[PDB]
Amino acid sequence: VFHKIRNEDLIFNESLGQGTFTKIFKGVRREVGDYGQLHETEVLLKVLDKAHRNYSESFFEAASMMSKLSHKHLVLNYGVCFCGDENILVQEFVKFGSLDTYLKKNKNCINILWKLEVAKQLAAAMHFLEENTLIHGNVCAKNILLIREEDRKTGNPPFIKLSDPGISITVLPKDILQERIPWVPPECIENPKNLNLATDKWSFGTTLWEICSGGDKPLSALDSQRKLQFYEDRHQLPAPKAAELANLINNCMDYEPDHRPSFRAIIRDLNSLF
Ligand SMILES: O=c1cc(-c2ccccc2)nc2c(-c3ccccc3)c(C(F)(F)F)[nH]n12
Numbered sequence: 536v537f538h539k540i541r542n543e544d545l546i547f548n549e550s551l552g553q554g555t556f557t558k559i560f561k562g563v564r565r566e567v568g569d570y571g572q573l574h575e576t577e578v579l580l581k582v583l584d585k586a587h588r589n590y591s592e593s594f595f596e597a598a599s600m601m602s603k604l605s606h607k608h609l610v611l612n613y614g615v616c617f618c619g620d621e622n623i624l625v626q627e628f629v630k631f632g633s634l635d636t637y638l639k640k641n642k643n644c645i646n647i648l649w650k651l652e653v654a655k656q657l658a659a660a661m662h663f664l665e666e667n668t669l670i671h672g673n674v675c676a677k678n679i680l681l682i683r684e685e686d687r688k689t690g691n692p693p694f695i696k697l698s699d700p701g702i703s704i705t706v707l708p709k710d711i712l713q714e715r716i717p718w719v720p721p722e723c724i725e726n727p728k729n730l731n732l733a734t735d736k737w738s739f740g741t742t743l744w745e746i747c748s749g750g751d752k753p754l755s756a757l758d759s760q761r762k763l764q765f766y767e768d769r770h771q772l773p774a775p776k777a778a779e780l781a782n783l784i785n786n787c788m789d790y791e792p793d794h795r796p797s798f799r800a801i802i803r804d805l806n807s808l809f
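Each residue of the sequence shown is one higher than the last, beginning at 536 in the UniProt record's numbering.
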């Protein structure tokens, strides 16, 4: 069950972008906080499209399943608004936003050690999810959010959190899944019901490719039919320019799901690049 937040206590401000069948807004929540102090808290508001109310169950289940776990690398859910007839999630506002946009804007000021640290953090989150046998199912750089920048003065590294997967690929139209190649693994293009913990290992590889490519999108030049051929011919992504993690990427993006390494093994390999 989700906490109910009064429409009166929520103000919607700027549009930040779109998810699958969703609109994303920054907003403010008036709330009673610690010691009874009133706060006006920045929040991230996800609104399900009114034309896609058919997906409301999966929209809310995506956030609900992750809200029953607590972890430093997982975005906090605050509740739902209900907001009349609207379907709205209220979650933590992460100051610097999506990692994919951040990587692009700061491509020249981000070295391999920065990318390694963020990769280790993501793998930590995914290992926590694996230990809890919780499938995410939509790991990608768009869904990783940067809480804090590197601060060389105090030696603080960047710090990320993983947001919820949104509507599940087990219910999305096939065309959307094909557009999501190569984050959606080949067995899920074959059948979305093959969604498995092994799915997230494959998607983690694709996300690491994003992190190493300064925010490029793999296979973006390929339309959906060519993305299908990419899997039919069993291709692998090119090594990123920052090729230090190329081997780890391809080992995660194993066409055999049962052979993808555990996130424990992934974390050990990330720690071994030294
Ligand atoms: O907390 C935030 C904070 C910001 C954000 C956006 C712009 C500037 C600073 C922060 N942007 C997002 C998004 C987002 C927004 C548009 C497209 C993809 C992701 C998510 C979501 F949860 F949706 F992943 N949270 N978030």
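Ideal placement from N, C-alpha and C gives every residue a C-beta, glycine not left out.
From the options, residue whose alpha carbon lies closest to that of residue i
i	options	result
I724	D635, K630, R769, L743	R769
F628	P717, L743, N548	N548
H671	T557, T705, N726	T705
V615	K603, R588, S599	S599
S602	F537, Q572, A756	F537
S703	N673, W718, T576, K585	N673
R683	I784, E566, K607, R541	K607
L604	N667, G619, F809	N667
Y613	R761, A586, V563	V563
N785	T555, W718, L763, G750	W718
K642	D751, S593, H587	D751
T555	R541, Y570, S593, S797	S593
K630	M661, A586, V578	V578
Check whether residue i and residue j have beta carbons under 8 Å apart
i	j	result
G632	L681	yes
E652	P700	no
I711	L638	no
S759	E714	yes
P753	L772	yes
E543	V582	no
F595	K539	no
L669	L609	no
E779	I647	yes
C787	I801	yes
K650	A774	no
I559	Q553	yes
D635	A597	no
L657	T742	yes
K561	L551	yes
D804	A733	no
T576	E566	yes
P727	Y790	no
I716	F663	no
Assigned exposure category for residue i - 16 Cβ within 10 Å defines buried
i	result
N678	buried
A659	buried
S591	exposed
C644	exposed
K640	exposed
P708	exposed
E665	buried
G568	exposed
residue 862	The first residue shown for the chain is 536 and the last is 809, placing residue 862 beyond what the model contains.
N782	exposed
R799	exposed
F739	buried
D735	buried
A654	buried
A756	exposed
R795	buried
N691	exposed
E767	exposed
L624	buried
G619	exposed
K688	exposed
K762	buried
Minimum Cβ-Cβ distance from residue i to chain D less than 8 Å
i	result
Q764	Given the protein chain composition of this structure (a single chain), no chain D is represented.
Ignoring anything shorter than 4 residues, give me the alpha helix (DSSP H) runs that lie fully in the region 555-631, in order along the chain. With a minimum length of 4 residues, the continuous alpha helix (DSSP H) runs that stay inside the region 555-631 are 591-602.
Quick one: complete alpha helix (DSSP H) runs, 4+ long, within the region 755-781? Counting whole runs of 4 or more residues, the region 755-781 contains the alpha helix (DSSP H) stretches 759-767.
Mind pulling the alpha helix (DSSP H) runs of 4 or more residues that sit fully within the region 638-690? You should have 647-666.
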